[PDB]
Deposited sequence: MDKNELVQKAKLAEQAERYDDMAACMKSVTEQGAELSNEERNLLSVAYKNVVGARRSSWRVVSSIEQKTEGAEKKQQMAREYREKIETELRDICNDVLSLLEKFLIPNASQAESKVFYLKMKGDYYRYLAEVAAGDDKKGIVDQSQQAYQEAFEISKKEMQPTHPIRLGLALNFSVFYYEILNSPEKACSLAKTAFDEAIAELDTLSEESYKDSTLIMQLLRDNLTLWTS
């Protein structure tokens, strides 16, 4: 299949709500080695977002049940088993994305904006692997997530405006990583606050689309409000 063809199929699959199909297309596209257009980058991300999100939503449901069945050693066993079957699906998808990010996406990014987008995505996907890991594997995974977010953060501080939606959305997701994954509320609140304030301050100086930026600023602050009390 031709690259333009692959994209057009991805777009049909999106209209059809057939995300697994959509992700297969955009995987092949990426594997062709050329740098993604912004349109392609968005299709890839829409597709993996929905494919991984469905499994995360199901892992949370079956995880709950498992943990809430006091006794009933069998019922409970079956749950744990369904959970593991779902986890396996979910590690396969994260591994596919992380491999696309390492082999093609990140090394092919020629603009800071894209590089920050992909590095954040890498942090996100390792964060998903973290949510569902046990043993000493956790620590190792948690660290990969942190380092990917941190590299993204340092680029975004050097190259992007504080109001750029990708810089802000990285701040948001990194702050949630600290709170929910590293259990460091103080590092979380401090990243969210600084990010909110720098953006407020850029408005004072100051064309671009602040609608989307201000939405993510609201999400930063809602989290501060909730992490405060």
Sequence order list of spans that the model leaves without C-alpha positions, deposited numbering: 207
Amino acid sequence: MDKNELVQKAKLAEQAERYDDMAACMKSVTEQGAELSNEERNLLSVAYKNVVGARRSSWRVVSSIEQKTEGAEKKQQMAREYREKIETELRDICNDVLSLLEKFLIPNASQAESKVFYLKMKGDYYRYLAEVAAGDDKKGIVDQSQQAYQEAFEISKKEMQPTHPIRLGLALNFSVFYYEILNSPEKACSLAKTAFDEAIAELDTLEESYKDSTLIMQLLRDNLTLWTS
From here on, numbers count along this sequence of modelled residues.
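If you superpose the two forms and keep the largest set of C-alpha atoms that fall within 1.5 Å, you have the rigid core.
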Rigid core superposition result in 8 other deposited structures of this protein, more deviant of 34-42, 196-204 by Cα: 196-204
73-81 against 94-102 - segment lying farther from this form in 8 other deposited structures of this protein (CA RMS, rigid core fit): 73-81
Stretch exceeding the other in mean C-alpha B-factor - 208-216, 21-29: 208-216
197-205 or 39-47, whichever carries the higher mean Cα B-factor: 197-205
Criterion, highest CA B-factor; candidates, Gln161, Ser57, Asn183, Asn173: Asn183
CA B-factor ranking of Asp96, expressed as a third of its chain: lowest
Relative C-alpha B-factor of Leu90, binned into the chain's lowest, middle or highest third: lowest
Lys122 by Cα B-factor - lowest, middle or highest third of the modelled chain: lowest
Entry-reported Cα temperature factor of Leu168, expressed as the chain third it lands in: lowest
Relative C-alpha B-factor of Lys103, binned into the chain's lowest, middle or highest third: middle
